[PDB]
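A.B. asks: For reference, the structure I am asking about is given below.
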Amino acid sequence: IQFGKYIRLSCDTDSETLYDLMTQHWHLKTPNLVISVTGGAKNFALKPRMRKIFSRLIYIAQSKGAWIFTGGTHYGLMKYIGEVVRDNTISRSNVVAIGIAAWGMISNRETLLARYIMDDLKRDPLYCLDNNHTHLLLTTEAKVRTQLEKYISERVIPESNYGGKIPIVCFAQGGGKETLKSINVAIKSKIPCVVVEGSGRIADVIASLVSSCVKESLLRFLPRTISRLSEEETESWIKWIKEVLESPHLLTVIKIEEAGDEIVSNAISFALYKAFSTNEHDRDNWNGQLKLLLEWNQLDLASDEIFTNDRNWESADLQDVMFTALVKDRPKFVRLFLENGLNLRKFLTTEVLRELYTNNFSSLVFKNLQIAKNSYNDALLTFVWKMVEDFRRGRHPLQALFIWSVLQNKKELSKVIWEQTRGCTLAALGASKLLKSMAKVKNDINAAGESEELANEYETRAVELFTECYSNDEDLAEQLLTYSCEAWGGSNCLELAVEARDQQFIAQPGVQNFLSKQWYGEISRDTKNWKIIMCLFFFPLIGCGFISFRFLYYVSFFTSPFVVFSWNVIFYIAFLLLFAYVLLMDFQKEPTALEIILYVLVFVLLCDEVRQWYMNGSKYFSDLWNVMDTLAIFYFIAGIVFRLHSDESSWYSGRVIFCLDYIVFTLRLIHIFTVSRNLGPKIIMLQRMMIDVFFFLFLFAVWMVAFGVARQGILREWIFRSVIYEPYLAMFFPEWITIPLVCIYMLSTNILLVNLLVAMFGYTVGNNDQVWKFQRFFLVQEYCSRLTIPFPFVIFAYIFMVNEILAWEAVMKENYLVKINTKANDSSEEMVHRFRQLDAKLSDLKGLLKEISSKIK
Amino acid sequence: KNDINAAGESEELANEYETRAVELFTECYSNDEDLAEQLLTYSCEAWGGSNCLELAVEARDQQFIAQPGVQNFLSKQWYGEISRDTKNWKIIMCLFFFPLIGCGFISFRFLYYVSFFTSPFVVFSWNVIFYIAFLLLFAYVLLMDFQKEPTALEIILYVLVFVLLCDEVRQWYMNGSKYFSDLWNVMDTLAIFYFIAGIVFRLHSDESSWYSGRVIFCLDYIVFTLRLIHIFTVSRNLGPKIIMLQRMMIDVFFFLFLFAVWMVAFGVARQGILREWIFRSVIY
Amino acid sequence: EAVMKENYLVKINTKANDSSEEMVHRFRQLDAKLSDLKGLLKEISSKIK
Amino acid sequence: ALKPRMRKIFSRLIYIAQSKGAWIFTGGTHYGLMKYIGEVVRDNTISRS
Ligand SMILES: CC(C)CCC[C@@H](C)[C@H]1CC[C@H]2[C@@H]3CC=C4C[C@@H](OC(=O)CCC(=O)O)CC[C@]4(C)[C@H]3CC[C@]12C
Ligand SMILES: CC(C)CCC[C@@H](C)[C@H]1CC[C@H]2[C@@H]3CC=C4C[C@@H](OC(=O)CCC(=O)O)CC[C@]4(C)[C@H]3CC[C@]12C
Ligand SMILES: FC(F)(F)c1ccccc1-c1cc(C(F)(F)F)c2[nH]c(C3=NOC4(CCCCC4)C3)nc2c1
Ligand SMILES: FC(F)(F)c1ccccc1-c1cc(C(F)(F)F)c2[nH]c(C3=NOC4(CCCCC4)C3)nc2c1
Ligand SMILES: CCCCCCCCCCC
Ligand SMILES: CCCCCCCCCCC
Ligand SMILES: CCCCCCCCCCC
Ligand code: NA
Ligand code: NA
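Protein chains in written order, with my numbering: chain A, 939 to 1795; chain B, 38 to 321; chain C, 14 to 62; chain D, 5 to 53.
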C-alpha cells in the first residue's frame, strides 16, 4: 500500500500460517508483543501524560523488538501510535506496528503499490485507514485479532527467555464496549496479562476495583454511556468486569501518582512477571524469573523476590546471568550479583574478556581509539591499544573489565567495577587519563563531551579517595602515590595525574605536601629557611643540633633538593663572579689557569644539560628559555675556538663572544630569580606573559625590518647588513608624504602598542588555585628529578653511571564508599519514602477499621 | 525606544526564544551531528530567506552561536574537507610538500588535492605564506632592483597587487558599506591606492618624480607589513583575547587622535611664539 | 527536527518535577486518604445509634 | 544478602567492638556474614582504629 503492506481477510482465515506469513516471507520474530485497545474513538484526549506513556511504549517496543497490534485506523490513539512509530523510525533508536482492521468499515478500496486516499474525516461513519502502520490486516475485527494473540501466546520459541511463550501484554486505556470486551478475551481465552491506566472510562472502572458497586463506579467514569445501551447489556457489562477480577494477577495499573519515567517499563515487566510467577510451573524456577527481571530493569523485584534466603541459589551458577548483566548495560544488576556473592576475579577468565572486546566492544569506540592512538598518542594509550588488540586477536583481570567499561563511556557500570579493583585511586586516575585522551578525538562531540565529564568524575573519585587515604595515614598514602602498579600502564598515581593534567588531584593538600616533603628531602620542614642557608656556608652547623633531619646527616643534608638548588644558585653566582674576574683582569693572551677553571665549569654545565637531553622526547626544546642555555654554552665553545687562533682580529673577537655570553649567563640567573620568587600564584601570570612579550618582540622585529626597507629604500649582501642592524642603531624630501607618514606612525603605534597591552593583560582571560598548584607541582618535580647532587660533583655521579598498601587502600575505599551514601541522606531528606510511610500507618487504621463494620452490620 | 515596557519585554521574549533555540539544537546536535548541521544551513523556503546560522548572527544571538554544536560546525567549515585531529604542523608540511597529500598523511574523511587546497585552513596558510613571499619580493625589488624602468620582477609586483586589488573590490561586493567601518580594512585600499599612485609617479621620467615614486613605494612597504602584523596579531589572539583586542585597538585610535589634537595645539603655541606655509609648519 | 522537538518538549516537563516536588498535589492526597477513613466512618455511627 | 545497609551495621559493630575492646563470638566458617565479619576484622586491624 502507498499513502506498508496489506492482506485482505475474512474472519475465518487459516491455521496459524498467518504468523508464518509474517516471519518467512516477511520480518523477524518477537521477544515481546504489545497489543493496544482503544476502539474507533475519533476523540482522544491526547494529554502530555498520555503522550509520554505511548511514546515510552513504542520506545520499549524497539528496545525489545516487539510487534504492536492496534486497530489500523486514523483516529486518535491509533493515529498517534502510528505517528510515534514513524517518529521512532526517523529518530532511529526496527518497530512493527501491525494494524488490524475490519475490511468492511474502511472508506475506499483498491485491489491488486496500491494508492490510498486520505481525503477528509467527515460525518460518514465509515473509518479511514491509518497511514503510518507498517503492516495492515483487513466490530468485525475482534476475532482474527484475538485468535492471533491466542496463537502467538502459545507459540513456543526455541530461544525461550520467558518460558518460551512469546511475551504478550494487553495495553488498555479509555472506554467503550469494544475495549471492555477485548480485555475479557485477553484474560479468559488463554491467559496473557493486561495493563490498564489511570485515565479513561473503562480504564478507570477497572482501576477503581483494585455487586452493583461495580455499576456505582461505572457511572462515575462513564455516565453518558449507560443512557444508551440496554439493561440487558448493562447486566453484561457488570458481568464482564466480573471475569477480569477473577484473575487479579493479570492486571497492572499505571496510577497517576507515578509522575515520572520508568512507569511503562515498570508496568509491562510487572505484568509479565506475575504471568510468569502465578503460572506456578515456574515458582520453583528462580533462574527464569531472574533473566526475565534482568532483561527488564526491575532491580527491586529481583532483590525482594529472588534473593530472599528462602530460595537457595549458591552464587556459582550466576556466571552467564552476570555476563548478560554486563553486555546489556545493567549496572544495578552487576552490583546486585556481587552483593549476593560473586567472585568477580573468578568469573573474569581471559576468554570472557576476549568475548567482551570482540563481540561486545562497539565499533564506533574502537574507531575512536585509532583516532586517539595515532593522533594524540601517550604511554598509556600505547598500552591500552595493545591490550585491546591482544583480546581481539584471540594479568589484572579486574582492570581489563574496567578499561572496557570506561572506553565505552558506560558511566554507572564502570563505577561498579571500580569498587572491585585493587589499586583504585590509580584506576581512577588511569581512567581519567584514558578518557581525556578519547575526549581529544573530535570525530564526535557528543562522545568526546561525555568522556570529558567521565574523566572529571574519575578525577574527583581519585581526589576524594586519596583525601580519605591521606587523612588516615600520611606515610601510607605517600607509598600509595609512588606505587609502580605492576604495569597498570607502568605508572604511578603521581605520573598518571600529571600526564592527564589532572589539576584537582595535584592541587590537593596531600599531594602538595608530598612534593614539599620531596623538595626538602630528608631535611624536615618547620626548621626555617635561613636555618638551612646558614648551614650551607657553615659545615659543622649540620652536625650541631640545628636542623631537624627526621656521616649520614651530612649526606641527607647535601642531597635534599632545597640544598642542591641553593648550592647551584650560590655556585652559579660564584661562577659569574669568576667569569667577570677572568674577562676583565685576566684574559691576557693564553688560557690562564683561572680561565681553564671556567672551561670545565661550563663543561659540567654542558654535561648536566646533555643529561637533560635524556628524559628528553624533544620536550626540552619547547621550553623557550632552556634552549637559551645550550645556545649560551654553544656560544661559549664557539668563543673558545676563537681564542685559540693567535690572530688579534680573532682573539679580540673571541673576547667579544665571551662578553656577549656573559649576559645570557646572567639572563639565566635573572630567569632563575624571577621564577623562584614568583613560585606561587604569579607563575600563571608569569610564563604566559613571557610568551606574550615574545610575540610582541617578534612583531616589533617584523616592523623594525620593514622600517629598514623604508629607510634604506629612501636613501642610496650589503643589504642584510644594513636593513637589519641600522634600524636598531638608529633607535640606539617632504613632497606631501607626511600626510601619510605620521599616519604610518599612528598605525605603527596602535598595532605594536596594542600587542604590548595584550601582553600585559592576556594572562587574565582564559579554578586558579588548582591551575597554579598543578604548575608549582610541575616545575618543582623536574628539579627533584634533576639529579639532586651538588654541581661541581655532578660529574662524579655522571661518569659513575657510565602489596599491603593495596590492602590498606581497599579498606580506605570501603570507608569512602560509605561516606558517599551516608551523605546521600539529603537526597533521602525528601518525601520519597516519607510520604506513604504514614499512609501505611493509616492503612493500619484502615486495617483495624476492617474489624469494626465486620460485626455492626 | 518609544516604550521601555514594551521593549523591555520583547527583549526578554527574545532571550527566551534564543534559549529555546539553544536547547532544541543541543537536543538536535546530541542525536545526529550530520543532520543538525543540515538543519543549520536550511534555506527555509523564505522564512525570511535565511538560515538558522545567518539569523543568529544578525540578531547577535551569542548563546546560540557559543554552543558546542555551532562552534564545531565552524571548525568543520574552517578545516574544510580536511578532517580535524590530524595536527597543525601535519597540514603545514603538506603545503611545502605536494606529494605528502597523496601519501597516507592527512585524513580527508585528484579529488584529495582539490579538497586539500580548497579548505579555508590551507587557503589562509597559503595566503599568509604568499604574502610574506610578496613582501620579500617587494623588499628585493625596492633595494636591489628598481633602476629606472619597470623591471620584469617589478611587473610581477604590479600584478600581485592587482590580484590584491581584484580580491578586495570583490570584497566591495558583499559590501553594504560594512567594509568601510572595519578600521584596518580601509588601510588595505589606501595601501593599494597608494601603490597605484606610486606607479604613475614611476612612469614620469623626471628624477624628482622618479625618486618621489620610490618614496611612495617605501612608505607603502610599511602598511603592507602593518597588514601582516595585523594578520599575526588577530590570528594569535583568536581566542578569549579577541575581545580585549579590537576594543583596545579602537581605544588607542582615540588616544592617538587626542594626541594628534594636542600635537596640533602644541604647534600653534610653538609657531606663534617664534616668527599656506603654516600648514607645512604647524603639523609636521 | 519535529521528532527532536517532541523529545525536547518532554524533557522540559519531566524536569518540572522539582516544581511538582512541592506539597501542592501532595497535601490533600493523604487527606483524601483520611476522608476515605471518614467515608468508612460513615458506616460506623450509621448503626450504633 | 550483603546490602550496603548490612555493610554499615556490621562495620559499625566491629568498630564498636574495638572502641570498647570486645570479643565477637561467631561461627568460624567462610560463608556470608561470618565470612564478612572476619573481613571487617582484618579491615579493622589494617586500618588500625
Ligand atoms: C652574595 C651571594 C654570594 C650570597 C647570597 C646568597 C643567595 C644568592 C642565595 C642563598 C639563599 C638562596 C635562596 C634560599 C631560599 C629561596 C626561596 C626558595 O623557595 C622555594 O623553595 C620555592 C617554594 C616551592 O618550591 O614550593 C627557593 C630558593 C631561594 C629562591 C634561594 C635563591 C638564592 C639565595 C638567595
Ligand atoms: C619563513 C616563512 C616563509 C615560512 C614560515 C611559515 C609561516 C609564515 C606560516 C606557515 C604556518 C602558518 C600558520 C599555520 C597555523 C596558524 C594557527 C591557525 O589557527 C587557527 O586556525 C585559528 C583558530 C580558529 O580559527 O578557530 C591560524 C593560521 C596560523 C596563524 C598560520 C600563520 C603563518 C604561518 C606560521
Ligand atoms: F629556578 C627556578 F626556575 F625558579 C626553579 C625553582 C624551583 C625548582 C626548580 C627551578 C629551576 C628550573 C630550571 C628550568 F626550569 F629552567 F629548567 C632551572 N634551570 C637551571 C639551570 N642550572 O644550570 C643551567 C644554567 C646555566 C646554563 C646551563 C643550564 C640551567 N636551574 C633551574 C632551576
Ligand atoms: F588573519 C586573521 F585576521 F587573523 C584571520 C584569522 C582567521 C580567519 C581570517 C582572518 C583574516 C581576516 C582578515 C580581515 F578581517 F582583516 F579582513 C584578513 N584580511 C586579509 C588580507 N589578505 O589580502 C589583504 C592584505 C593586503 C592588502 C589587500 C587585502 C587583506 N587576510 C585576512 C585574514
Ligand atoms: C628566606 C630566608 C632568606 C635568608 C637568607 C640568609 C642569608 C645568609 C647569608 C649567610 C652568609
Ligand atoms: C610617533 C609617536 C606617536 C605617539 C607615541 C605615544 C605612545 C606612548 C606609548 C607609551 C607606552
Ligand atoms: C602550530 C604548528 C606550527 C608548526 C609550523 C611548522 C612549520 C613547517 C615549516 C616547513 C618548512
Ligand atoms: Na613606533
Ligand atoms: Na610602542
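The beta carbon of each residue, even a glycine, is placed where N, CA and C say it ideally should be.
Are the beta-carbon atoms of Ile1743 of chain A and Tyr1408 of chain A separated by less than 8 Å?
C.D. replies: Within the first sequence, numbered from 1, the residue matching residue 1743 of chain A stands at position 805. Within the first sequence, numbered from 1, the residue matching residue 1408 of chain A stands at position 470. Not in contact: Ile1743 of chain A and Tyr1408 of chain A (Cβ atoms no closer than 8 Å).
A.B. asks: Residues in the same chain with beta-carbon distance under 7 Å from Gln1442 of chain A, minus the five sequence neighbours each way, listed in chain order, please.
C.D. replies: Position 504 of the first sequence, counting from 1, holds the residue named residue 1442 of chain A. Around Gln1442 of chain A: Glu1397, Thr1398, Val1401 and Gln1708.
A.B. asks: Quick one: is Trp1710 of chain A buried, meaning 16 or more other Cβ sit within 10 Å of its Cβ, or exposed?
C.D. replies: What you label residue 1710 of chain A is simply residue 772 of the first sequence in a count that begins at 1. Its Cβ being crowded by 16 or more others within 10 Å, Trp1710 of chain A is buried.
A.B. asks: What residues from chain B crowd round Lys18 of chain C, counting only those whose CB sits closer than 7 Å?
C.D. replies: Position 5 of the third sequence holds residue 18 of chain C. Under the 7 Å cutoff, chain B gives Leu61.
A.B. asks: Which class does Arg1030 of chain A belong to by DSSP, given the choice of helix, strand or coil?
C.D. replies: For the purposes of this step, residue 1030 of chain A is identified with residue 92 of the first sequence, where counting begins at 1. Coil.
A.B. asks: Just confirm the distance between the C-beta atoms of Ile1461 of chain A and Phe1513 of chain A, as a whole number of angstroms; I'd bet it's less than 8 Å.
C.D. replies: As a first step, residue 1461 of chain A must be located in the first sequence, where it is residue number 523. As a first step, residue 1513 of chain A must be located in the first sequence, where it is residue number 575. With a Cβ gap of about 25 Å, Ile1461 of chain A and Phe1513 of chain A do not count as contacting.
A.B. asks: Contact defined as beta carbons within less than 8 Å: I believe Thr1117 of chain A pairs with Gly977 of chain A. What is the distance between those atoms, to the nearest angstrom?
C.D. replies: As a working note, residue 1117 of chain A is residue 179 in the first sequence. As a working note, residue 977 of chain A is residue 39 in the first sequence. Confirmed, about 5 Å.
A.B. asks: Counting only runs of 4+ residues fully inside the segment 211 to 258 of chain B, write out the alpha helix (DSSP H) ranges in chain order.
C.D. replies: Runs of the alpha helix (DSSP H) inside the segment 211 to 258 of chain B: 223 to 237.
A.B. asks: For the putative contact between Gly1020 of chain A and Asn1069 of chain A, defined by C-beta atoms under 8 Å, what is the C-beta separation to the nearest angstrom?
C.D. replies: Numbered from its first residue, the first sequence carries residue 1020 of chain A at position 82. Numbered from its first residue, the first sequence carries residue 1069 of chain A at position 131. With a Cβ gap of about 7 Å, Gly1020 of chain A and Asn1069 of chain A count as contacting.
A.B. asks: Compile a chain-ordered list of the residues in the segment 229 to 256 of chain B whose CB is closer than 8 Å to at least one CB of chain A.
C.D. replies: So the close ones are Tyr231, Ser249, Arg251, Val252, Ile253, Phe254, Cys255 and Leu256.
A.B. asks: Spell out a yes or no on whether the segment 1579 to 1599 of chain A and the segment 1672 to 1686 of chain A are touching, meaning 3 or more CB-CB pairs, one atom from each, closer than 8 Å.
C.D. replies: Segments in contact, no.
A.B. asks: I'd like to know if the segment 964 to 971 of chain A and the segment 1095 to 1110 of chain A are in contact, where contact means that at least 3 CB-CB pairs between them fall below 8 Å.
C.D. replies: Segments in contact, yes.
A.B. asks: Is the beta carbon of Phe1503 of chain A within less than 7 Å of some heavy atom of ligand 3?
C.D. replies: Locating residue 1503 of chain A in the first sequence gives position 565, where the first residue counts as 1. Checking every heavy atom of ligand 3 against the Cβ of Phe1503 of chain A, one is found closer than 7 Å.
A.B. asks: What would DSSP say about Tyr79 of chain B, mapped onto helix, strand or coil?
C.D. replies: Translated into the one-based positions of the second sequence, residue 79 of chain B becomes position 42. Reduced to three states, the DSSP call for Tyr79 of chain B is coil.
A.B. asks: Mind checking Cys131 of chain B: buried by the 16 CB within 10 Å criterion, or exposed?
C.D. replies: Position 94 of the second sequence, counted from the first residue, corresponds to residue 131 of chain B. That one is buried.
A.B. asks: Just the C-alpha distance for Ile102 of chain B and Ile138 of chain B, rounded to the nearest angstrom, thanks.
C.D. replies: To locate residue 102 of chain B, count along the second sequence from 1; it is residue 65. To locate residue 138 of chain B, count along the second sequence from 1; it is residue 101. Cα to Cα, the separation comes out at about 33 Å.
A.B. asks: Could you give the residue range of the beta strand (DSSP E) that holds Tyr116 of chain B?
C.D. replies: Start at 1 with the first residue of the second sequence, and residue 116 of chain B comes out as number 79. Counting along the chain, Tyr116 of chain B falls outside any beta strand (DSSP E), though it belongs to the alpha helix (DSSP H) covering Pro105 to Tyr116.
A.B. asks: For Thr1612 of chain A, which of A:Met1627, A:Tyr1600, A:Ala1369 and A:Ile1677 has the nearest alpha-carbon?
C.D. replies: As a position in the first sequence, residue 1612 of chain A is number 674, starting the count at 1. Looking at the Cα atoms, A:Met1627 is the closest of the given residues.
A.B. asks: Span of the alpha helix (DSSP H) holding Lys985 of chain A?
C.D. replies: Here the question's residue 985 of chain A lines up with position 47 in the first sequence. No alpha helix (DSSP H) contains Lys985 of chain A, which DSSP labels as neither H nor E.
A.B. asks: Can you find a C-beta in chain F that's less than 8 Å from the C-beta of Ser33 of chain C?
C.D. replies: Among the protein chains in the structure shown, which are A, B, C and D, there is no chain F.
A.B. asks: When you check each C-beta in the segment 1011 to 1043 of chain A against every C-beta of chain B, which residues fall closer than 9 Å?
C.D. replies: From the segment 1011 to 1043 of chain A, only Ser1029 and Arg1030 have a Cβ closer than 9 Å to chain B.
A.B. asks: Quick one: residues with CB closer than 6 Å to any heavy atom of ligand 7, in chain order, please.
C.D. replies: The answer, residue by residue, is B:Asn125, B:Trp126, B:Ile129, B:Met130 and B:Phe133.
A.B. asks: In the structure shown, what three-state DSSP assignment does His1187 of chain A receive?
C.D. replies: Translated into the one-based positions of the first sequence, residue 1187 of chain A becomes position 249. Note: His1187 of chain A maps to helix in three-state DSSP.
A.B. asks: Against chain C, does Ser1791 of chain A count as a neighbour if the rule is that its beta carbon must be under 8 Å from one of theirs?
C.D. replies: Counting from 1 along the first sequence, the entry for residue 1791 of chain A is found at position 853. With 8 Å as the cut-off, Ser1791 of chain A counts as an interface residue toward chain C.
A.B. asks: Could you tell me whether any non-hydrogen atom of ligand 2 is closer than 7 Å to the CB of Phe1496 of chain A?
C.D. replies: The residue given as residue 1496 of chain A occupies position 558 in the first sequence. Result no, Cβ not under 7 Å from ligand 2.
A.B. asks: Could you tell me whether the Cβ of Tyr321 of chain B comes closer than 8 Å to any Cβ of chain A?
C.D. replies: The residue you call residue 321 of chain B lines up with position 284 of the second sequence. So, interface residue.
A.B. asks: List, in chain order, every chain A residue whose beta-carbon is nearer than 9 Å to that of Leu17 of chain D.
C.D. replies: For this step, residue 17 of chain D is matched to residue 13 along the fourth sequence. Those within 9 Å of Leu17 of chain D in chain A number zero; the least Cβ separation is about 14 Å.
A.B. asks: Check whether the Cβ of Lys24 of chain C lies closer than 8 Å to any Cβ atom in chain A.
C.D. replies: Working through the third sequence from its first residue, we reach residue 24 of chain C at position 11. Chain A contact via Cβ: absent.
A.B. asks: Would you check if the distance between the CB atom of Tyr1537 of chain A and the CB atom of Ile1578 of chain A is smaller than 8 Å?
C.D. replies: As a working mapping, residue 1537 of chain A is identified with position 599 in the first sequence. As a working mapping, residue 1578 of chain A is identified with position 640 in the first sequence. Going by C-beta atoms, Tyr1537 of chain A is nearer than 8 Å to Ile1578 of chain A.
A.B. asks: Is there contact between the segment 1060 to 1069 of chain A and the segment 1176 to 1190 of chain A, where contact requires at least three CB pairs shorter than 8 Å?
C.D. replies: Flag = no, the segment 1060 to 1069 of chain A and the segment 1176 to 1190 of chain A do not touch.
A.B. asks: Return the CA-CA distance between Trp1505 of chain A and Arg1724 of chain A, expressed in angstroms with no decimal places.
C.D. replies: The residue given as residue 1505 of chain A occupies position 567 in the first sequence. The residue given as residue 1724 of chain A occupies position 786 in the first sequence. Distance between the alpha carbons of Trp1505 of chain A and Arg1724 of chain A is about 14 Å.
A.B. asks: Mind checking if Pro157 of chain B is an interface residue toward chain A, Cβ cutoff 8 Å exclusive?
C.D. replies: The residue you call residue 157 of chain B lines up with position 120 of the second sequence. Judged by the 8 Å Cβ criterion, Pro157 of chain B is not in contact with chain A.
A.B. asks: Against chain C, does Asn68 of chain B count as a neighbour if the rule is that its beta carbon must be under 8 Å from one of theirs?
C.D. replies: Here residue 68 of chain B corresponds to residue number 31 of the second sequence, with the count starting at 1. Output row for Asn68 of chain B: interface = yes.
A.B. asks: In chain A, what lies closer than 8 Å to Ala21 of chain D by C-beta?
C.D. replies: Sequence index remark: in the fourth sequence, residue 21 of chain D carries index 17 (1-based). Correct list: empty, because the minimum Cβ distance to chain A is about 16 Å.
A.B. asks: Answer with yes or no whether the minimum CB distance from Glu64 of chain B to chain C is below 8 Å.
C.D. replies: One-based indexing of the second sequence puts residue 64 of chain B at position 27. Cβ-Cβ to chain C under 8 Å: yes for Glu64 of chain B.
A.B. asks: Using CA coordinates, which residue listed in A:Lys1371, A:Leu1367, A:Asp1464 and A:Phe1580 is at the minimum distance from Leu1418 of chain A?
C.D. replies: Along the first sequence, read from residue 1 onward, the residue named residue 1418 of chain A stands at position 480. Considering only alpha carbons, the answer is A:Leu1367.
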